[PDB]
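As a plain string of letters, each chain reads:
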Amino acid sequence: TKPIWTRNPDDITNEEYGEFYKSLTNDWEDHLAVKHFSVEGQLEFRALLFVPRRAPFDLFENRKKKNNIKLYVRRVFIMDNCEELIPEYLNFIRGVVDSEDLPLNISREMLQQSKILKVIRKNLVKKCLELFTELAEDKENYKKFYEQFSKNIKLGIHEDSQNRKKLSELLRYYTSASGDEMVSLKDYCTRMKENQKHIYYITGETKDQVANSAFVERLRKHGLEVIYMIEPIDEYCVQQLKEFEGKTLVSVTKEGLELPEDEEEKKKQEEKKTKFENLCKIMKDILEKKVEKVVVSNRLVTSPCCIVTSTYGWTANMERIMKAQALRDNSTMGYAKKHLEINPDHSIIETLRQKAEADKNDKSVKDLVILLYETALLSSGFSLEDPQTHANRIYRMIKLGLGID
Amino acid sequence: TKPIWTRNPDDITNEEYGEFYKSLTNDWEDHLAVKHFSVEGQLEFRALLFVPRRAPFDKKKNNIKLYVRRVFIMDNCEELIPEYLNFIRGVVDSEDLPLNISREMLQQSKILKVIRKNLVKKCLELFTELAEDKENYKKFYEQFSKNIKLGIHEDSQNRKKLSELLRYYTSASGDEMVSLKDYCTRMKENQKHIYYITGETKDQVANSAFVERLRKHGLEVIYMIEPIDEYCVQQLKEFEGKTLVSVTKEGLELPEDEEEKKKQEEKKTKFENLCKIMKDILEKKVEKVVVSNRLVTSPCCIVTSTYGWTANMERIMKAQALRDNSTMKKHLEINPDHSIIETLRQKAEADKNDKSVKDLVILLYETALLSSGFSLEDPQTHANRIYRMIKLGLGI
Ligand SMILES: CCN(CC)c1ccc2cc(C(=O)N/C=C\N3C(=O)CCC3=O)c(=O)oc2c1
Ligand SMILES: CCN(CC)c1ccc2cc(C(=O)N/C=C\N3C(=O)CCC3=O)c(=O)oc2c1
């Protein structure tokens, strides 16, 4: 009688859909979700789409399967891999597309097919984003989905600038407040204190490393929520996600960390600015060019120091990923400028300011400046120049802790 | 009027060779080296082989054009040459092999197996020739060092002839690369082992902790900085009788001393108390804690089990496991003659529940992992521990 995608959506049982999706992809378990829609107008076409349970494989990047949408015209099969029928970041969708009107045999000149496809393209991506917007309403079944295709969503953020807002509403992250849960961007905004003009994120490799890192200290004490961006995609994602609902994004690993001045803590921070600037310009010289600037931390509580990164430059996470990639492709590392922030109110920083402003030539002072700098790189997610150099330096500091002999 | 490979070699100008290799591979510069040979016997066939100057970017198993009685057949010939020689370009003109076969007539594979084994011999002949001019072999090993080490891994029958062609940086060779036969000439007749280290840069392995008592003892250590080496040594057991030992692995055998081992034995039992304590302070963070016989300036180091993943291995594999996202044995050696070990034995045997002792054992263990090429559990945890130790260096 009629093919399965011509019967209309609410007249089909979810198991009938599944038997079809199994027969279409040989997947051993049924579909996860289904969107099934038709279109009339200048163009008549139907479309049945499936989202597999287990995220498909990355396919050699061969790009030899831009998609797996079986393509029909007037109920006859045509192609299996239709390059411009679906944007690359939705290639996991399985299903069929049955057009009534598109032109098949075409030369270069007949761009009309490429118009019909572009409109079907936008209509297919629209009905998908609709389905994901639908899925986001049941919080704990959307979990089975974002678990598999989070990497896919973030890719769209980078490529499809036209749908960037609708896509960003679908992102979920770990934050400081959501101790064990993932939360939307709209939720983080509902918990913002007014006059906070920024959304705080940190990029590392594990939650425990970014949660207990040095960079977030005076931000968690300040009652602020910070977003944990742990997957390597995130480093590229934020590069094109400028703002959400008006508020701009800021990295807690970068210099110039803006915070709300209350009862002009800038006046106390300014006294610290000038009080320790002596110590600032000394360690800049003890280190020479291993660092670019030495400034007073406005973000450090329990740790004495941290290594922050240039504003318009690579980060510790990026520097790790890129150079972990340059192992794979045999290459010189080629051509990341760091800033070191010191906590004025820490005893090690206070006591160091005394020994240094008394005798800045003391080889013990030089040794301690280098040592704190090296451990700060460890805190900030970097790799050391020469590990045994730091090792011998720690051994010397241990010699000082107990009997020097 | 006659094809170029059937013409007798030494009647061939190197420009004719180069012009031909250009016409065969469109390479803009001439060949690097050429081996050209014929064979008679049960099988008659000729072969002209080229080594390109620039190492190519390697599913085309090789580019050896294959002729029979001077007629072309195919170029991608899978079982004509082992995979680690895919950079060879050239032609092979057989007189007798059978092309059309029923799967039963594997006799087609015998003729190929014979040409295969015969081709690899004439190549290793060429490479042994190249090893004689030191600073031109460098132009080659610079490009194909990776290839030779792969052959060590795969071709066990030619494993010996290949190792003779390996070149490395060592402690003695400050800037030059040296053969294995040379390292044997500098061995003491009481030395039964060849010492190597696996790292990432020459500068890091030369100043490493594992080699301390080896440069003081007048011993030479081989610097393996390329990642292939990690797999190379897994199949490179011995050269010229003397076996290889990794300075990152446990059970470091050394030339037995003038019965001074009794002093190493007194150190063994004297610090064994501290060994039992640090073993428990680090709850399964390490597998065993024993007395070092290899450390001079460093107080402690982390070696790996003989059969386990090397320190190098765990770094590379987990650096690659960023691709899969798949996310996946240690020994702690302490230096007896170091003051920090003596002082720790005293603080431990006086009050072994001192949190300063706990702070010191954990701190020493973590920095030793850094010394040994590992990654830290929680960097901010180690940092807070150092900040605590620095706070102790001066008043709290
Ligand atoms: C119908 C016979 N031939 C020529 C061999 C085909 C078959 C398929 C296609 C697909 C094309 C094409 O549009 N590619 C880009 C997007 N795309 C579609 O819109 C459908 C399939 C597909 O890959 C095309 O331009 O010519 C084609 C020509
Ligand atoms: C021209 C006829 N065609 C190919 C279309 C051939 C040509 C060559 C071969 C070689 C075979 C063969 O002997 N393979 C074993 C070794 N071998 C070669 O000698 C060349 C490639 C290769 O794998 C074969 O099984 O079928 C062939 C079929």
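How each quantity is defined
- Residues numbered from 1 in each chain as written, not as in the entry; some residues may be left out.
- Chains lettered and ligands numbered in written order.
- Heavy atoms only, no water.
- Helix = DSSP H or I, 4+ residues; strand = E, 2+ residues; numbered from the N terminus.
- Buried < 20%, exposed > 50% of the residue type's maximum accessible area, 1.4 Å probe, protein only.
- Pairing = 2+ DSSP bridges.
- Axes fitted to C-alpha atoms, helices over the stretch in contact; angles between N-to-C directions.
- Contact = heavy atoms within 4.5 Å.
- Near = heavy atom within 4 Å.
- Polar contact = N/O pair within 3.5 Å; in protein donor to acceptor, adjacent residues only side chain to side chain.
- Nonpolar A, V, L, I, M, F, W, Y, C, P; charged D, E, K, R; others polar.
- Core = buried A, V, L, I, M, F, W, Y, C linked by side-chain atoms within 4.5 Å.
- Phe/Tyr/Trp six-rings, centres within 6.5 Å; stacked < 30°, edge-to-face > 60°.
- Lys NZ or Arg CZ within 6 Å of the ring centre and 35° of its normal.
- Domains from an automatic or database assignment.
- Buried area = accessible area lost by both parts, 1.4 Å probe.
- Areas by Shrake-Rupley, 256 points an atom, 1.4 Å probe, with all protein chains shown as cover.
- Parallel < 35°, antiparallel > 145°, perpendicular 65-115°, else oblique.
- Left-handed = near helix turned anticlockwise from the far one by under 90°.

In terms of determination method and resolution, the entry is listed under X-ray crystallography at 3.5230 Å.

Engineer: Just checking my understanding: could you explain the environment of A:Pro103 for this structure?
Structural biologist: Within the fold, A:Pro103 resides in the loop between β5 (94-99) and α2 (112-135). Exposure remark for A:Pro103: the relative accessible area of 25% places this residue in the partly exposed category.

Engineer: How do you make sense of the sheet that holds strand β14 (residues 338-342) of chain A when you look at a structure like this?
Structural biologist: The strands making up a sheet associate through hydrogen bonds between their backbones, and the pairing can be parallel or antiparallel. All names here are of chain A. Taken in spatial order, the 3 strands line up as β12-β14-β13 in an open sheet, and their pairing is mixed. Looking at strand neighbours, the two that pair on one side only are β12 (293-296) and β13 (305-309), the edges of this open sheet. Pairs of neighbouring strands in the sheet enclose a mean axial angle of 30°, with direction left out of account. Examined bridge by bridge, β12 and β14 share 4 bridges and lie parallel to one another. Looking at β14, one finds that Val 296 is bridged to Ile 342. Across the face of the sheet, helix α13 (residues 363-380) comes into contact with β13 and β14 while running at roughly 60° to β13.

Engineer: Help me understand the pairing of strand β1 (residues 33-39) of chain A, please; the structure alone is not making it clear to me.
Structural biologist: Successive residues of a regular strand alternate their side chains across the two faces of the sheet. Residue and element names in this part refer to chain A. Pairing analysis gives 7 bridges linking β1 to strand β2 (residues 45-51), with the strands arranged antiparallel. By the bridge assignment, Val 39 is partnered in β2 with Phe 45. Here β1 hands over to β2 after 5 residues, with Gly 41 in that stretch at a positive phi of 145°.

Engineer: I would appreciate a short explanation of the site of ligand 2 in the present structure.
Structural biologist: All names here are of chain B. Around ligand 2, the neighbouring residues are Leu 66, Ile 73, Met 74, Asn 76, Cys 77, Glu 78, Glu 79, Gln 108 and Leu 112. Between an oxygen atom of ligand 2 and a main-chain N or O atom of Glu 78, the distance comes to 3.2 Å. For the shell around ligand 2, the secondary-structure elements that each account for two or more residues are β4 (71-74) and α2 (107-130). Across the shell around ligand 2, the residue classes break down as 5 nonpolar, 2 polar and 2 charged.

Engineer: Quick question: what am I supposed to make of the nonpolar core here?
Structural biologist: Nonpolar side chains in soluble globular proteins tend to end up buried together. With 72 residues, the main nonpolar core has A:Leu279, A:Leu340, A:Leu372, B:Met278, B:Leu332 and B:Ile390 as its most contacted residues. When neighbours within four sequence positions are excluded, B:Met278 is seen to be in contact with B:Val289, B:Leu332, B:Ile334, B:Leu344 and B:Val361. If you look at the next biggest cluster of nonpolar residues, it comprises 69 residues, including A:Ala47, A:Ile69, A:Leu71 and A:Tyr142.

Engineer: Would you explain the packing of aromatic side chains in this entry?
Structural biologist: What describes a pair of aromatic rings is the distance from one ring centre to the other and the angle between the planes of the rings. Counted by the stated rule, this structure contains 22 aromatic pairs over all chains. Seen from their ring centres, A:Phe145 and A:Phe149 are 5.4 Å apart, and the 40° between their planes marks the pair as tilted. One end of the pair is A:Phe145 and the other is A:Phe149, both in helix α3 (residues 139-159) and 4 residues apart, which spans about a single turn. One exposure class covers both A:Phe145 and A:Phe149, and it is buried. By way of ring pairs, the aromatic residues A:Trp5, A:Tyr17, A:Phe20, A:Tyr21, A:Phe50, A:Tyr72 and A:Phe77 are connected into one cluster. Just above the ring of A:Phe276 sits the side chain of A:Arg353; from NZ or CZ to the centre is 5.6 Å. Here the basic side chain of B:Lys202 rests over the ring of B:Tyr169, its NZ or CZ set 4.3 Å away from the ring centre.

Engineer: Honestly, the domain arrangement of chain B in this entry has me stumped. Any pointers?
Structural biologist: Interface size is often expressed as the accessible area that is lost when the parts come together. All names here are of chain B. Domains assigned within chain B are domain 1 (1-131), domain 2 (132-248) and domain 3 (249-396). Put simply, the middle of domain 2 and the middle of domain 3, counted by C-alpha atoms, are 27 Å apart. Contacts between the two partners involve 22 residues from domain 2, matched on the other side by 27 residues from domain 3. Both sides together, the interface formed by domain 2 and domain 3 hides about 2100 Å², and carbon and sulfur atoms give 55% of it.

Engineer: What's the story with the site of ligand 1 in this structure? I'm lost.
Structural biologist: Residues and elements named next belong to chain A. Neighbouring residues of ligand 1: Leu 71, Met 79, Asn 81, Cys 82, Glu 83, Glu 84, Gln 113 and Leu 117. Interatomic distance of 2.8 Å between a backbone N/O atom of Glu 83 and an oxygen atom of ligand 1. At 2.9 Å, a side-chain N or O of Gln 113 approaches an oxygen atom of ligand 1. Burial of ligand 1 by the surrounding chains reaches 51%, relative to a free accessible area of 580 Å². In the shell around ligand 1, the residues fall into 4 nonpolar, 2 polar and 2 charged.

Engineer: Mind showing me how you'd approach the packing of helix α13 (residues 355-371) of chain B against helix α14 (residues 379-393) of chain B here?
Structural biologist: To characterise two packed helices, one gives the angle between the axes of the helices and the distance between these axes. Residue and element names in this part refer to chain B. Closest axis-to-axis distance for the α13/α14 pair is 10 Å, and the angle between their directions is 125°. Our classification of the angle between α13 and α14 gives oblique. Taken as a pair, α13 and α14 cross one another with a handedness that is left-handed. Along the contact surface, α13 presents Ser 356, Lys 358, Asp 359, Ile 362, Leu 363, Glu 366, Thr 367 and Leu 370, while α14 presents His 382, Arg 385, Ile 386, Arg 388, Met 389 and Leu 392. For the contact of α13 with α14, the class distribution of residues is 6 nonpolar, 3 polar and 5 charged.

Engineer: Hey, could you run me through the packing of α13(A) against α14(B) in this one?
Structural biologist: In the contact formed by α13(A) and α14(B), the axes pass within 8 Å of each other and the chain directions differ by 160°. Judged by the inter-axis angle, α13(A) sits roughly antiparallel to α14(B). α14(B) is crossed by α13(A), and the crossing has left-handed handedness. In this structure, α13(A) contributes A:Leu368, A:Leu371, A:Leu372, A:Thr375, A:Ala376, A:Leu378 and A:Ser379 to the contact, and α14(B) contributes B:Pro379, B:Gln380, B:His382, B:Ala383, B:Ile386, B:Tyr387 and B:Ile390. Residues that form the contact of α13(A) with α14(B) fall into these classes: 10 nonpolar, 4 polar and no charged.

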